[PDB]
Amino acid sequence: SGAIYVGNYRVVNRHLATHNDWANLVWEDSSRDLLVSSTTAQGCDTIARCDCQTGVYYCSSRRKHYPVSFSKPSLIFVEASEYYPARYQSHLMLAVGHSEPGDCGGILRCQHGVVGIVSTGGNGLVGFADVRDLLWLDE
Ligand SMILES: COc1ccc(Cl)cc1OC(=O)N1CCC[C@H](C(N)=O)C1
Ligand SMILES: [Zn+2]
């Protein structure tokens with residue numbers, strides 16, 4: 001679990017969005033595993049606008065943060081799960097690091113701000129849904 005709170009927006013994994021997220025829907029994209037809902041309170045986070053390929057992520061299944069080197073956002077094949085059929089997920093960045101399904105939502109940050117959230121993983125890999133291209137999150 002986990003979310004980004006920026007301005008009057010809440011960014012979550014689409015597969016973990018709540019009834020309240022869908023009732024306050026701003027934008028969603030199944031191919032990216034992202035959903036953004038509106039909030040009444042002003043949010044705590046800053047979005048990075050950069051090309052960093054290193055950063056630190058939070059891993060809830062270890063209660064720890066880990067440094068990572070990750071690939072640029074790209075189209076990656078993701079196996080079927082209970083949430084989606086087998087498909088290509090876009091804007092996904094992969095790195096070597098521990099993750100389990102419940103780690104989805106953990107934030108990846110660089111020195112500039114929030115880069116994205118955990119969205120996929122397995123066998124010593126962790127994948128992050130990028131949010132740095134969503135320029136409207138800041139206006
Ligand atoms: C961090 O996620 C995992 C980590 C390890 C393992 Cl073995 C499996 C993990 O589950 C996943 O990769 N997915 C399940 C939920 C939906 C995801 C998606 N974005 O399509 C894919
Ligand atoms: Zn950066």
# chains A, B, ... in the order shown; residues from 1 in each chain; ligands from 1
>>> residues_near_ligand(ligand="ligand 1", cutoff="7 Å", atoms="only C-alpha atoms and all ligand atoms", output="JSON, numbers by chain")
{"A": [15, 33, 78, 81, 83, 84, 99, 100, 101, 102, 103, 104, 118, 119, 120, 121, 122, 123, 126, 127]}
>>> residues_near_ligand(ligand="ligand 2", cutoff="9 Å", atoms="only C-alpha atoms and all ligand atoms", output="PDB file with N, CA and C atoms, in the first residue's frame")
ATOM      1  N   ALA A  48       9.476  15.005  -8.634  1.00  0.00           N
ATOM      2  CA  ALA A  48      10.725  15.241  -9.361  1.00  0.00           C
ATOM      3  C   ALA A  48      10.421  15.511 -10.841  1.00  0.00           C
ATOM      4  N   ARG A  49      11.187  16.437 -11.429  1.00  0.00           N
ATOM      5  CA  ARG A  49      11.082  16.721 -12.892  1.00  0.00           C
ATOM      6  C   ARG A  49      12.531  16.641 -13.391  1.00  0.00           C
ATOM      7  N   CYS A  50      12.954  15.438 -13.717  1.00  0.00           N
ATOM      8  CA  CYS A  50      14.365  15.146 -13.958  1.00  0.00           C
ATOM      9  C   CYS A  50      14.506  13.849 -14.732  1.00  0.00           C
ATOM     10  N   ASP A  51      15.792  13.499 -15.019  1.00  0.00           N
ATOM     11  CA  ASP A  51      16.065  12.233 -15.679  1.00  0.00           C
ATOM     12  C   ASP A  51      16.915  11.319 -14.807  1.00  0.00           C
ATOM     13  N   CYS A  52      16.794  11.423 -13.485  1.00  0.00           N
ATOM     14  CA  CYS A  52      17.553  10.529 -12.584  1.00  0.00           C
ATOM     15  C   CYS A  52      17.240   9.066 -12.869  1.00  0.00           C
ATOM     16  N   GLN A  53      18.245   8.217 -12.792  1.00  0.00           N
ATOM     17  CA  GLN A  53      18.103   6.772 -12.865  1.00  0.00           C
ATOM     18  C   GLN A  53      18.634   6.087 -11.614  1.00  0.00           C
ATOM     19  N   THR A  54      18.848   6.882 -10.529  1.00  0.00           N
ATOM     20  CA  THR A  54      19.146   6.321  -9.208  1.00  0.00           C
ATOM     21  C   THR A  54      18.234   7.021  -8.195  1.00  0.00           C
ATOM     22  N   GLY A  55      17.980   6.337  -7.100  1.00  0.00           N
ATOM     23  CA  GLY A  55      17.122   6.871  -6.053  1.00  0.00           C
ATOM     24  C   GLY A  55      16.996   5.849  -4.936  1.00  0.00           C
ATOM     25  N   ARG A 109      12.118   7.921  -4.513  1.00  0.00           N
ATOM     26  CA  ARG A 109      12.503   9.330  -4.522  1.00  0.00           C
ATOM     27  C   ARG A 109      13.939   9.460  -4.953  1.00  0.00           C
ATOM     28  N   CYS A 110      14.216  10.555  -5.668  1.00  0.00           N
ATOM     29  CA  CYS A 110      15.612  10.967  -5.929  1.00  0.00           C
ATOM     30  C   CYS A 110      15.837  12.289  -5.150  1.00  0.00           C
ATOM     31  N   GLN A 111      17.002  12.923  -5.327  1.00  0.00           N
ATOM     32  CA  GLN A 111      17.260  14.231  -4.678  1.00  0.00           C
ATOM     33  C   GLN A 111      16.298  15.337  -5.113  1.00  0.00           C
ATOM     34  N   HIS A 112      15.542  15.175  -6.214  1.00  0.00           N
ATOM     35  CA  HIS A 112      14.622  16.213  -6.709  1.00  0.00           C
ATOM     36  C   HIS A 112      13.184  16.089  -6.221  1.00  0.00           C
ATOM     37  N   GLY A 113      12.817  14.900  -5.715  1.00  0.00           N
ATOM     38  CA  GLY A 113      11.459  14.670  -5.259  1.00  0.00           C
ATOM     39  C   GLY A 113      10.997  13.256  -5.570  1.00  0.00           C
ATOM     40  N   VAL A 114       9.685  13.083  -5.565  1.00  0.00           N
ATOM     41  CA  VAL A 114       9.063  11.782  -5.848  1.00  0.00           C
ATOM     42  C   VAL A 114       9.193  11.434  -7.329  1.00  0.00           C
ATOM     43  N   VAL A 115       9.663  10.231  -7.619  1.00  0.00           N
ATOM     44  CA  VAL A 115       9.859   9.736  -8.974  1.00  0.00           C
ATOM     45  C   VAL A 115       8.693   8.846  -9.405  1.00  0.00           C
TER      46      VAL A 115
END
>>> residues_around(residues="residue 62 in chain A", least_positions_apart="2", cutoff="12 Å", atoms="only C-alpha atoms", output="count of residues only")
14
>>> closest_residue(among="A:117, A:124, A:94, A:25", to="residue 69 in chain A", atoms="only C-alpha atoms")
A:94
>>> select_by_dssp(residues="range 18-63 of chain A", states="strand (DSSP E or B)", output="number ranges by chain")
A: 25-29, 34-38, 47, 54-59
>>> write_last_selection(atoms="N, CA and C atoms", output="mmCIF file, in the first residue's frame")
data_model
loop_
_atom_site.group_PDB
_atom_site.id
_atom_site.type_symbol
_atom_site.label_atom_id
_atom_site.label_comp_id
_atom_site.auth_asym_id
_atom_site.auth_seq_id
_atom_site.Cartn_x
_atom_site.Cartn_y
_atom_site.Cartn_z
ATOM 1 N N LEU A 25 -12.550 10.440 -9.007
ATOM 2 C CA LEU A 25 -11.602 10.182 -10.069
ATOM 3 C C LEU A 25 -11.197 11.414 -10.864
ATOM 4 N N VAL A 26 -9.898 11.608 -11.075
ATOM 5 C CA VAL A 26 -9.386 12.675 -11.938
ATOM 6 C C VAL A 26 -8.879 12.038 -13.241
ATOM 7 N N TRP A 27 -8.087 10.955 -13.122
ATOM 8 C CA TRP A 27 -7.499 10.313 -14.291
ATOM 9 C C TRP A 27 -7.060 8.902 -13.890
ATOM 10 N N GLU A 28 -7.149 7.966 -14.804
ATOM 11 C CA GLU A 28 -6.627 6.619 -14.578
ATOM 12 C C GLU A 28 -6.152 6.013 -15.884
ATOM 13 N N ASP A 29 -5.203 5.091 -15.763
ATOM 14 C CA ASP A 29 -4.634 4.437 -16.927
ATOM 15 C C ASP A 29 -4.242 3.023 -16.530
ATOM 16 N N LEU A 34 -1.875 3.246 -12.896
ATOM 17 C CA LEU A 34 -2.035 4.448 -12.067
ATOM 18 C C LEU A 34 -3.446 4.958 -12.031
ATOM 19 N N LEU A 35 -3.806 5.568 -10.873
ATOM 20 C CA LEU A 35 -5.072 6.263 -10.750
ATOM 21 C C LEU A 35 -4.799 7.479 -9.881
ATOM 22 N N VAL A 36 -5.393 8.602 -10.244
ATOM 23 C CA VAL A 36 -5.286 9.866 -9.480
ATOM 24 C C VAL A 36 -6.691 10.304 -9.106
ATOM 25 N N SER A 37 -6.886 10.590 -7.827
ATOM 26 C CA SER A 37 -8.164 11.095 -7.310
ATOM 27 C C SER A 37 -7.945 12.455 -6.673
ATOM 28 N N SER A 38 -9.049 13.174 -6.506
ATOM 29 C CA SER A 38 -8.968 14.515 -5.904
ATOM 30 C C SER A 38 -9.111 14.450 -4.385
ATOM 31 N N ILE A 47 6.951 16.492 -6.707
ATOM 32 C CA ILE A 47 7.274 15.581 -7.790
ATOM 33 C C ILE A 47 8.573 15.977 -8.472
ATOM 34 N N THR A 54 18.848 6.882 -10.529
ATOM 35 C CA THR A 54 19.146 6.321 -9.208
ATOM 36 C C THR A 54 18.234 7.021 -8.195
ATOM 37 N N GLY A 55 17.980 6.337 -7.100
ATOM 38 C CA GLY A 55 17.122 6.871 -6.053
ATOM 39 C C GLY A 55 16.996 5.849 -4.936
ATOM 40 N N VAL A 56 16.024 6.099 -4.042
ATOM 41 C CA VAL A 56 15.799 5.288 -2.842
ATOM 42 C C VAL A 56 14.317 4.983 -2.811
ATOM 43 N N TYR A 57 13.976 3.706 -2.532
ATOM 44 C CA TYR A 57 12.553 3.335 -2.394
ATOM 45 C C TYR A 57 12.258 2.758 -1.035
ATOM 46 N N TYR A 58 10.980 2.891 -0.624
ATOM 47 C CA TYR A 58 10.515 2.276 0.593
ATOM 48 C C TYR A 58 9.936 0.884 0.309
ATOM 49 N N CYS A 59 10.426 -0.119 1.054
ATOM 50 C CA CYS A 59 10.000 -1.525 0.935
ATOM 51 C C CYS A 59 9.255 -1.921 2.230
#
>>> residues_around(residues="residue 87 in chain A", least_positions_apart="5", cutoff="8 Å", atoms="only C-alpha atoms", output="list in words")
residues 77, 78, 79 and 80 of chain A
>>> write_last_selection(atoms="N, CA, C and O atoms", output="PDB file, in the first residue's frame")
ATOM      1  N   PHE A  77       6.621  -6.267 -20.502  1.00  0.00           N
ATOM      2  CA  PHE A  77       5.619  -7.300 -20.347  1.00  0.00           C
ATOM      3  C   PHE A  77       5.474  -7.708 -18.891  1.00  0.00           C
ATOM      4  O   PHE A  77       6.481  -7.957 -18.213  1.00  0.00           O
ATOM      5  N   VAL A  78       4.226  -7.729 -18.381  1.00  0.00           N
ATOM      6  CA  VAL A  78       3.914  -8.127 -16.996  1.00  0.00           C
ATOM      7  C   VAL A  78       2.943  -9.315 -17.070  1.00  0.00           C
ATOM      8  O   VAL A  78       1.850  -9.219 -17.698  1.00  0.00           O
ATOM      9  N   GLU A  79       3.284 -10.383 -16.342  1.00  0.00           N
ATOM     10  CA  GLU A  79       2.481 -11.613 -16.342  1.00  0.00           C
ATOM     11  C   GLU A  79       1.120 -11.343 -15.728  1.00  0.00           C
ATOM     12  O   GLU A  79       0.959 -10.420 -14.934  1.00  0.00           O
ATOM     13  N   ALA A  80       0.142 -12.201 -16.038  1.00  0.00           N
ATOM     14  CA  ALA A  80      -1.206 -12.047 -15.512  1.00  0.00           C
ATOM     15  C   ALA A  80      -1.192 -12.143 -14.000  1.00  0.00           C
ATOM     16  O   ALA A  80      -0.383 -12.860 -13.421  1.00  0.00           O
TER      17      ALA A  80
END
